[PDB]
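Participant: Right, I'll just put the structure down here and ask away after.
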Amino acid sequence: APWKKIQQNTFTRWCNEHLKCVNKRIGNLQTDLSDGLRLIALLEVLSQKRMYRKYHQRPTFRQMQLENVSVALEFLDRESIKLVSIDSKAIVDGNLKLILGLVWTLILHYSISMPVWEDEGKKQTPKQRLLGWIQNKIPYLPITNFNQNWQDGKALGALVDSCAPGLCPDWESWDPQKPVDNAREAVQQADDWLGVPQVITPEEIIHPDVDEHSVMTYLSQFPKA
């Protein structure tokens with residue numbers, strides 16, 4: 001069921017967008033955080049803070065890897081970031097379910113909850129906040145979810161044009177039976193002119209099995225900048 005890794009793919013691309021700035025990259029989320037170094041780097045970029053505890057720069061041994069991940073998880077507890085049950089061995093041993101959970105916590109926190117957004121005038125969940133911001137941008141479409149509302153590709157057109165009128169001016173006239181073409185046009189225009197990276201692909205975002213977290217990860221880039 002290759003559709004089931006859309007979230008893994010999307011989370012990996014998001015991580016890489018951040019790791020870019022420190023000349024690092026993840027090829028495989030299941031393995032490439034397990035020594036702790038890329039995780040620590042990612043947290044430093046996200047928080048614009050350095051690790052306060054020392055850690056092992058050449059963690060060739062299992063205990064050093066466990067310790068590296070522990071420093072990272074402590075850092076998160078110290079920043080009042082609520083973590084779902086996770087220990088260092090889950091990361092070190094490549095527990096993909098829990099790794100994806102950890103990365104989601106970071107996306108929700110740093111990309112949705114914490115940032116300062118324009119177009120805001122309010123005691124609500126991060127998902128409500130994101131929905132609210134998007135709904136304000138495209139007030140003529142009912143935006144209540146991060147799956148089915150995005151399936152025909154047209155809401156993407158509407159959002160991109162709302163951000164810069166002229167990018168997708170004819171979105172309302174787009175054929176809803178050409179979802180991949182619609183999505184690809186909107187997403188490329190956003191990439192080319194709005195500085196919004198394709199952390200989800202056009203094919204993934206309109207997939208009937210797309211998960212809300214993957215879509216939220218992409219769309220959270222719009223209010224950021």
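Order determines the names: the first chain of the structure tokens is A, the second B, and so forth; residues in each chain are numbered 1 upward, and ligands are numbered 1 upward as they are shown.
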Give me the residues near residue 110 (chain A) as an NGL selection string, where near means some atom within 12 Å (using only C-alpha atoms) and where sequence neighbours in that chain fewer than 6 positions away do not count.
Facilitator: :A and (14-15 or 18 or 42-48 or 76 or 79-81 or 103-104 or 116 or 126 or 217 or 220-221 or 224)
Participant: What does the file look like for those residues with N, CA, C and O atoms, as a PDB file, in the first residue's frame?
Facilitator:
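Saved the output as part05.pdb:
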ATOM      1  N   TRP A  14       9.725  17.941   4.603  1.00  0.00           N
ATOM      2  CA  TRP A  14       9.671  19.036   5.582  1.00  0.00           C
ATOM      3  C   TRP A  14      10.946  19.129   6.421  1.00  0.00           C
ATOM      4  O   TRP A  14      11.542  20.198   6.515  1.00  0.00           O
ATOM      5  N   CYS A  15      11.358  18.007   7.013  1.00  0.00           N
ATOM      6  CA  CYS A  15      12.635  17.913   7.752  1.00  0.00           C
ATOM      7  C   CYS A  15      13.795  18.412   6.893  1.00  0.00           C
ATOM      8  O   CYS A  15      14.606  19.231   7.341  1.00  0.00           O
ATOM      9  N   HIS A  18      14.210  22.067   6.371  1.00  0.00           N
ATOM     10  CA  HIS A  18      14.848  22.704   7.513  1.00  0.00           C
ATOM     11  C   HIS A  18      16.339  22.343   7.630  1.00  0.00           C
ATOM     12  O   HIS A  18      17.177  23.216   7.869  1.00  0.00           O
ATOM     13  N   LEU A  42      18.129  19.297  13.591  1.00  0.00           N
ATOM     14  CA  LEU A  42      16.797  19.742  13.219  1.00  0.00           C
ATOM     15  C   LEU A  42      16.187  20.627  14.306  1.00  0.00           C
ATOM     16  O   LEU A  42      15.604  21.681  14.004  1.00  0.00           O
ATOM     17  N   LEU A  43      16.335  20.206  15.559  1.00  0.00           N
ATOM     18  CA  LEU A  43      15.854  20.964  16.711  1.00  0.00           C
ATOM     19  C   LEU A  43      16.546  22.318  16.844  1.00  0.00           C
ATOM     20  O   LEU A  43      15.896  23.310  17.142  1.00  0.00           O
ATOM     21  N   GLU A  44      17.859  22.357  16.610  1.00  0.00           N
ATOM     22  CA  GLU A  44      18.609  23.614  16.651  1.00  0.00           C
ATOM     23  C   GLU A  44      18.104  24.609  15.595  1.00  0.00           C
ATOM     24  O   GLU A  44      17.881  25.785  15.912  1.00  0.00           O
ATOM     25  N   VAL A  45      17.898  24.127  14.368  1.00  0.00           N
ATOM     26  CA  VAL A  45      17.364  24.963  13.287  1.00  0.00           C
ATOM     27  C   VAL A  45      15.963  25.468  13.651  1.00  0.00           C
ATOM     28  O   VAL A  45      15.685  26.660  13.563  1.00  0.00           O
ATOM     29  N   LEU A  46      15.086  24.546  14.041  1.00  0.00           N
ATOM     30  CA  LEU A  46      13.701  24.886  14.382  1.00  0.00           C
ATOM     31  C   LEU A  46      13.601  25.916  15.513  1.00  0.00           C
ATOM     32  O   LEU A  46      12.836  26.875  15.425  1.00  0.00           O
ATOM     33  N   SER A  47      14.405  25.739  16.554  1.00  0.00           N
ATOM     34  CA  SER A  47      14.310  26.560  17.757  1.00  0.00           C
ATOM     35  C   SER A  47      15.192  27.800  17.734  1.00  0.00           C
ATOM     36  O   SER A  47      14.998  28.701  18.544  1.00  0.00           O
ATOM     37  N   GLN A  48      16.164  27.813  16.821  1.00  0.00           N
ATOM     38  CA  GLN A  48      17.243  28.800  16.794  1.00  0.00           C
ATOM     39  C   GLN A  48      17.950  28.885  18.152  1.00  0.00           C
ATOM     40  O   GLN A  48      18.365  29.957  18.602  1.00  0.00           O
ATOM     41  N   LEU A  76      13.352  19.123  24.140  1.00  0.00           N
ATOM     42  CA  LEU A  76      11.918  19.288  23.847  1.00  0.00           C
ATOM     43  C   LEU A  76      11.073  19.457  25.107  1.00  0.00           C
ATOM     44  O   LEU A  76      10.210  20.335  25.153  1.00  0.00           O
ATOM     45  N   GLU A  79      11.530  22.887  26.421  1.00  0.00           N
ATOM     46  CA  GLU A  79      10.839  23.908  25.625  1.00  0.00           C
ATOM     47  C   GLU A  79       9.315  23.776  25.704  1.00  0.00           C
ATOM     48  O   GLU A  79       8.602  24.345  24.878  1.00  0.00           O
ATOM     49  N   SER A  80       8.823  23.022  26.688  1.00  0.00           N
ATOM     50  CA  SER A  80       7.389  22.819  26.890  1.00  0.00           C
ATOM     51  C   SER A  80       6.677  22.261  25.648  1.00  0.00           C
ATOM     52  O   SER A  80       5.504  22.551  25.415  1.00  0.00           O
ATOM     53  N   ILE A  81       7.385  21.462  24.856  1.00  0.00           N
ATOM     54  CA  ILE A  81       6.775  20.785  23.724  1.00  0.00           C
ATOM     55  C   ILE A  81       6.273  19.436  24.215  1.00  0.00           C
ATOM     56  O   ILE A  81       7.064  18.591  24.630  1.00  0.00           O
ATOM     57  N   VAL A 103       8.057  13.617  14.677  1.00  0.00           N
ATOM     58  CA  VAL A 103       8.153  14.633  13.636  1.00  0.00           C
ATOM     59  C   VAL A 103       6.844  15.455  13.530  1.00  0.00           C
ATOM     60  O   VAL A 103       6.910  16.665  13.399  1.00  0.00           O
ATOM     61  N   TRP A 104       5.684  14.797  13.611  1.00  0.00           N
ATOM     62  CA  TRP A 104       4.405  15.515  13.651  1.00  0.00           C
ATOM     63  C   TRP A 104       4.328  16.545  14.789  1.00  0.00           C
ATOM     64  O   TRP A 104       3.876  17.676  14.565  1.00  0.00           O
ATOM     65  N   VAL A 116       4.233  33.454  14.133  1.00  0.00           N
ATOM     66  CA  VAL A 116       3.444  34.678  14.053  1.00  0.00           C
ATOM     67  C   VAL A 116       2.938  34.808  12.619  1.00  0.00           C
ATOM     68  O   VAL A 116       3.731  34.827  11.677  1.00  0.00           O
ATOM     69  N   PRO A 126      -4.263  24.282  17.129  1.00  0.00           N
ATOM     70  CA  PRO A 126      -3.466  24.560  15.922  1.00  0.00           C
ATOM     71  C   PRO A 126      -4.199  24.254  14.609  1.00  0.00           C
ATOM     72  O   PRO A 126      -4.089  25.019  13.647  1.00  0.00           O
ATOM     73  N   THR A 217       0.888  19.903   6.787  1.00  0.00           N
ATOM     74  CA  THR A 217       2.328  20.169   6.710  1.00  0.00           C
ATOM     75  C   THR A 217       2.661  21.078   5.524  1.00  0.00           C
ATOM     76  O   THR A 217       3.369  22.075   5.676  1.00  0.00           O
ATOM     77  N   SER A 220       0.635  24.670   5.964  1.00  0.00           N
ATOM     78  CA  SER A 220       1.211  25.494   7.016  1.00  0.00           C
ATOM     79  C   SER A 220       2.362  26.389   6.520  1.00  0.00           C
ATOM     80  O   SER A 220       2.729  27.322   7.211  1.00  0.00           O
ATOM     81  N   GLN A 221       2.908  26.099   5.341  1.00  0.00           N
ATOM     82  CA  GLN A 221       3.962  26.923   4.722  1.00  0.00           C
ATOM     83  C   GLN A 221       3.446  28.263   4.180  1.00  0.00           C
ATOM     84  O   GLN A 221       4.206  29.233   4.042  1.00  0.00           O
ATOM     85  N   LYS A 224       3.328  31.101   6.975  1.00  0.00           N
ATOM     86  CA  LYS A 224       4.704  31.303   7.435  1.00  0.00           C
ATOM     87  C   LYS A 224       5.373  32.439   6.671  1.00  0.00           C
ATOM     88  O   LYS A 224       5.848  33.411   7.268  1.00  0.00           O
TER      89      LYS A 224
END
Participant: So that I can check the secondary structure, give me every residue of chain A assigned helix (DSSP H, G or I) by backbone DSSP, as a VMD selection string.
Facilitator: chain A and resid 2 to 22 37 to 47 62 to 78 88 to 92 96 to 113 126 to 137 148 to 150 154 to 163 171 to 173 179 to 193 202 to 205 212 to 219 221 to 224
Participant: At what distance in Å, to one decimal, does CA of residue 125 (chain A) lie from CA of residue 112 (chain A)?
Facilitator: 9.5 Å
Participant: Rank A:111, A:8, A:182, A:65 by their smallest atom-to-atom distance to residue 89 (chain A), using only C-alpha atoms, and report the top residue only.
Facilitator: A:65
Participant: Kindly indicate which residue among A:72, A:136, A:151, A:156 lies nearest to residue 211 (chain A), using only C-alpha atoms for the distances.
Facilitator: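 Of all the options, A:151 lies closest to residue 211 (chain A).
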Participant: Near residue 56 (chain A), within 9 Å and counting only C-alpha atoms, which residues show up once chain neighbours fewer than 6 positions away are dropped, as a tab-separated table (two decimals) with N, CA, C and O atoms, in the first residue's frame?
Facilitator:
chain	number	residue	atom	x	y	z
A	36	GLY	N	20.93	10.26	16.48
A	36	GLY	CA	20.63	11.50	17.20
A	36	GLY	C	21.13	12.81	16.56
A	36	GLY	O	20.64	13.86	16.90
A	37	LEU	N	22.12	12.74	15.67
A	37	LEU	CA	22.80	13.95	15.20
A	37	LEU	C	21.90	14.83	14.32
A	37	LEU	O	21.86	16.04	14.49
A	64	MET	N	25.91	5.79	23.02
A	64	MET	CA	26.10	7.19	22.60
A	64	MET	C	24.91	7.71	21.79
A	64	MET	O	24.51	8.86	21.93
A	65	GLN	N	24.39	6.84	20.93
A	65	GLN	CA	23.20	7.14	20.15
A	65	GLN	C	21.96	7.36	21.02
A	65	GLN	O	21.21	8.34	20.82
A	67	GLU	N	22.04	8.22	24.18
A	67	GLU	CA	22.30	9.48	24.89
A	67	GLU	C	22.01	10.73	24.02
A	67	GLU	O	21.43	11.70	24.50
A	68	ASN	N	22.41	10.69	22.75
A	68	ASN	CA	22.14	11.80	21.81
A	68	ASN	C	20.65	12.10	21.68
A	68	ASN	O	20.23	13.25	21.79
Participant: For residue 138 (chain A), which residue out of A:98, A:21, A:160, A:168 is the nearest one, using only C-alpha atoms?
Facilitator: A:160
Participant: Would you mind listing what lies within 10 Å of residue 153 (chain A) as a ChimeraX atom specification, with only C-alpha atoms counted and same-chain residues fewer than 6 positions away left out?
Facilitator: /A:171,174-187,202,205-206
Participant: Put those residues in a file: C-alpha atoms, as a PDB file, in the first residue's frame.
Facilitator:
ATOM      1  CA  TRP A 171      -9.115  28.603 -10.904  1.00  0.00           C
ATOM      2  CA  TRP A 174     -10.729  24.615 -13.784  1.00  0.00           C
ATOM      3  CA  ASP A 175     -12.116  21.161 -14.564  1.00  0.00           C
ATOM      4  CA  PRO A 176     -12.643  19.317 -11.231  1.00  0.00           C
ATOM      5  CA  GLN A 177     -12.178  16.066 -13.211  1.00  0.00           C
ATOM      6  CA  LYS A 178      -8.526  17.011 -13.816  1.00  0.00           C
ATOM      7  CA  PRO A 179      -7.322  17.066 -10.169  1.00  0.00           C
ATOM      8  CA  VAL A 180      -3.615  16.237 -10.778  1.00  0.00           C
ATOM      9  CA  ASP A 181      -3.270  18.932 -13.470  1.00  0.00           C
ATOM     10  CA  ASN A 182      -5.046  21.448 -11.211  1.00  0.00           C
ATOM     11  CA  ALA A 183      -2.852  20.569  -8.207  1.00  0.00           C
ATOM     12  CA  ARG A 184       0.377  20.566 -10.227  1.00  0.00           C
ATOM     13  CA  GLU A 185      -0.401  24.057 -11.607  1.00  0.00           C
ATOM     14  CA  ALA A 186      -1.260  25.528  -8.180  1.00  0.00           C
ATOM     15  CA  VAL A 187       1.621  23.852  -6.362  1.00  0.00           C
ATOM     16  CA  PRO A 202       0.662  17.225  -6.544  1.00  0.00           C
ATOM     17  CA  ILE A 205      -2.129  15.845  -2.083  1.00  0.00           C
ATOM     18  CA  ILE A 206      -5.082  14.766  -4.288  1.00  0.00           C
TER      19      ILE A 206
END
Participant: Please determine, counting only C-alpha atoms, which residue among A:213, A:4, A:154, A:53 has the shortest atom-to-atom distance to residue 140 (chain A).
Facilitator: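 Selected residue with least distance to residue 140 (chain A): A:154.
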Participant: Considering only C-alpha atoms, state which residue in the set A:133, A:85, A:75, A:54 is at the smallest distance from residue 118 (chain A).
Facilitator: A:133
Participant: Point out the residue among A:19, A:157, A:129, A:13 with the least atom-to-atom distance to residue 141 (chain A), counting only C-alpha atoms.
Facilitator: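 Checking each of A:19, A:157, A:129, A:13 against residue 141 (chain A), counting only C-alpha atoms, the winner is A:157.
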Participant: Measure the distance from CA of residue 124 (chain A) to CA of residue 137 (chain A) in Å and round it to one decimal.
Facilitator: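 Interatomic distance, CA of residue 124 (chain A) to CA of residue 137 (chain A): 18.4 Å.
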Participant: Could you please determine the separation between CA of residue 7 (chain A) and CA of residue 100 (chain A) in Å, to one decimal place?
Facilitator: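 Interatomic distance here is 8.1 Å.
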Participant: Please provide the set of residues having any atom within 12 Å of residue 28 (chain A), restricted to only C-alpha atoms, with same-chain residues fewer than 5 positions apart removed, written as a PyMOL selection string.
Facilitator: chain A and resi 5+8-13+15-16+33-34+38+94+96+99-100
Participant: Keeping C-alpha atoms, export the residues of the selection given above as a PDB file, in the first residue's frame.
Facilitator:
ATOM      1  CA  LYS A   5       3.884   6.321   3.005  1.00  0.00           C
ATOM      2  CA  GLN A   8       6.507   9.529   5.656  1.00  0.00           C
ATOM      3  CA  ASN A   9       7.439  11.170   2.344  1.00  0.00           C
ATOM      4  CA  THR A  10       5.919  14.533   3.345  1.00  0.00           C
ATOM      5  CA  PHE A  11       7.487  14.560   6.838  1.00  0.00           C
ATOM      6  CA  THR A  12      10.865  13.693   5.337  1.00  0.00           C
ATOM      7  CA  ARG A  13      10.666  16.585   2.805  1.00  0.00           C
ATOM      8  CA  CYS A  15      12.635  17.913   7.752  1.00  0.00           C
ATOM      9  CA  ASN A  16      14.938  18.290   4.734  1.00  0.00           C
ATOM     10  CA  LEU A  33      17.652  10.064  12.975  1.00  0.00           C
ATOM     11  CA  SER A  34      18.772   6.985  14.923  1.00  0.00           C
ATOM     12  CA  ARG A  38      20.255  14.910  12.491  1.00  0.00           C
ATOM     13  CA  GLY A  94      13.914   2.791  14.001  1.00  0.00           C
ATOM     14  CA  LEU A  96       8.819   4.306  12.286  1.00  0.00           C
ATOM     15  CA  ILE A  99       9.415   8.568  14.694  1.00  0.00           C
ATOM     16  CA  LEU A 100       6.546   9.891  12.543  1.00  0.00           C
TER      17      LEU A 100
END
